[PDB]
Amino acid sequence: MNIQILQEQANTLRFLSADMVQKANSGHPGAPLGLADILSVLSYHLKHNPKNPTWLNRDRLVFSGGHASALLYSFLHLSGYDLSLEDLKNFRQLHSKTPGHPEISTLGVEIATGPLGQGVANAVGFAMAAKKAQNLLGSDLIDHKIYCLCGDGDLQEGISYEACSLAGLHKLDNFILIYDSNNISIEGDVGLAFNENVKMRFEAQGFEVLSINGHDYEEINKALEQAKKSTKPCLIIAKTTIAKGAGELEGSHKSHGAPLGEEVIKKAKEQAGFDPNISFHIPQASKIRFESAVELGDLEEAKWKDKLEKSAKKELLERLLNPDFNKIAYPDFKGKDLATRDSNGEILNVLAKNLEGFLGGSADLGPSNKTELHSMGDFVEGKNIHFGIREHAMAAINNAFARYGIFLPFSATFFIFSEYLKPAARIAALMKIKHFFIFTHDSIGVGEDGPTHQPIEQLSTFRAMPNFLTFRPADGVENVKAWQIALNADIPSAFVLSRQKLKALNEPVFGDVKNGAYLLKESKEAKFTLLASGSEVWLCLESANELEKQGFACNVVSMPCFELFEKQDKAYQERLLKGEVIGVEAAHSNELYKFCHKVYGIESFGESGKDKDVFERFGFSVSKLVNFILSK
C-alpha cells in the first residue's frame, strides 16, 4: 500500500471504465473516473470473498449511483469475481453480464440500482438487517460494514433523507456513506438546484461527518480508518472532479452521460503512462494487487466458518437459511365474517411465530393496517419495525432485508399510499425477491376519509407491473391460501385488503385460489358469469341468486389474483368464463376486459361519506348490478 501502486490501480479502473463506455458508444464515464481513487483505496478495506458472493458476513458494497456501473464491473473483474474481460467488452449489449445499470443476476452485485436514492436507502437497510442478524446470531458471527457510494442526485431525492433519518435513530455504526461531491449533474453546476449545508444536515440526523479530497490517497485512507471506528453512522464528503484524468472533459457536465471520445482517452492514457493504442489493458502490478482479494477473502471466510462451527447459533442459522413453509398451521377462517385487514393481521402473527426470520412493519399505520406482531417486541431486540411516515424508504429498506440472506420482510401501508413506495416495489419485482407488501384500505369502502384515501387505479398498476402477484382476497380463507402461494412463489406479492368487514364465502366448486380465479357457483348452460375479487364477490353471489330467481343460469367466479389467472390454460379459463362475462370490481380496472365482455367498475375518483352511502352512490348494489347485467 503506497502511492505508485494506488495510482496505477486507480488508473486501471479509469481506463477499463472509459474503454467499456467507448466500445458500447453508450454510458457514463464521468463518475467512474471521479470515483476511481476512492474505490482503489476502498479495495484495501473491503472484506469480501470474490469466489463466494453469498458469504453472510461480507462487507456489503452498494453503488447508489448505478450509472457508475462500468466502475463496479471493472472492480468485480479485477478482484476475481465471475465476470470476465470479454464480459467487460460487451458492456451494455443485449444479454451481456454487464448491463447499463447493475442487476443482481451479475454475481457480486448486492442490489439493483439505477433509480437515484434507492441505493442509499438500501444501504441503510443492509445496516439494519446486519444489526438484526447480530441480535440473532451474536457479534462473533456478524460484524461487517456497509459501504455506499452516492452522488449529488441520490442526496437530493427524498428517500435519502428518509432513510438517513432512520440510520441516525438506530445508531447504525456499521454504515459508511461516501458522497461523491463533484458539483456536477446533468443540468450542470449543482448550485443551480442545491446548496444545503450537507454536514449540518447529516449531523442533524445523528451522523459523524468527515470531509476529504477524494483524489488524495492518504486522506481517503485516513477517513476510512476513522469511519470504521465511528460510534455513529458516518458520511464521508469526498470532493472530486468529474472525469478526473480526462483532460478537457475534467469538471464538464458533458462527461456525465456520453463517451469521452477516442482522442480524449488517448491523451488521458498518455498522461497516466498507459499505452494509448491498446484498450482493456490491465497492468501487472495492478492485476496481482486487485486479485489478491481472492486469497484474502478465502481466508476471511474460512476464519468465519470456524467461528460458526463453535457457535451456539448454527442450528438457528440453518433454520433461517432453509425455512419450512409447508409445516405452518394457518388460522382457519372458514365461515367467519371479517375485514381482510384483520384476517391478514392474524396470519402475520402466525408467520412471525413460525419463522424466526419473518419481520417487518408499517409506515406509522400498525394499528390501522393490523400488522403489529403481538408480544414480539420492537426492533432491534424484537420483530416490529416502526418505519415512521416513510413509505418509500420502508420499501427500499425492506428490499435490502430481503437480499441480506436470512430475512422474510413485510412492508405495510394503506393501498392508496403504495404510490409513495412504487419505485422500490418495482426494484423488488425486477430482482424477483421475496418481499411482501401489505396494502389495507383497498377501495371506496374506506368511506369518510374521502377520495384522497380511496384507491381507484392502484390495482391496475400492480397488476401491470411484471413479476409481482397482486392478491385481493375475498375472505380469510382466500387470504391464507394467498400467503401459502406467496411464500412458495419466486416473485414478490402484494396483499390488497379491506377496512370493512367482508362476508365469508362458501367452498370452491371447481379450481382454487392457486389458479388465480375459480368457481364459487357453477350452472349448466350458464347465460352469465359474474367475475369479481375481494369485497365485490358477495355482491356477485347475491346478484347471481337474483338472476337465477329471474330465470337466468349464472356462474360466479372469484378472482383473488389476476396474474395467476393469466397463466392458466385455455381449458381451465373456458370452463370458468361462460356466456356473457361481467367483471365487477371497486376499481378502475380496464385490464378485466382480458377476461370479461363487460366491466362494472369505478371510472371517477371517490367521495367522502359513510361506506354504505359511497358504495350505493357508485352503483355497488344488487338492484343496480342486476339492471346493468340485464341491460335495462
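So that there is no doubt, residue numbering starts at 1 and follows the sequence shown.
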**Request:** Read off the CA B-factors in the entry, average them over 347-355 and over 263-271, and name the higher stretch.
**Result:** 263-271
**Asked** With respect to the recorded C-alpha B factors, which stretch has the higher mean value, 65-73 or 571-579?
**Response** 571-579
**Asked** Out of 283, 466, 423, 102, which one has a C-alpha B factor higher than all the others in the entry?
**Response** 283
**Message:** Take the CA temperature factors straight from the PDB entry and tell me which of 498, 558, 277, 454 peaks.
**Reply:** 277
**Item:** residue 608 by Cα B-factor - lowest, middle or highest third of the modelled chain
**Value:** lowest
**Prompt:** Looking at the C-alpha B-factor of residue 509, is it in the lowest, middle or highest third of its chain?
**Reply:** highest
**Message:** Where does the C-alpha B-factor of residue 51 rank in its chain, lowest, middle or highest third?
**Reply:** highest
**Message:** For the chain shown, is the CA B-factor of residue 625 in the lowest, middle or highest third of its modelled residues?
**Reply:** lowest
**Item:** Where the record places residue 106 (Cα B-factor, split into thirds across the chain)
**Value:** middle
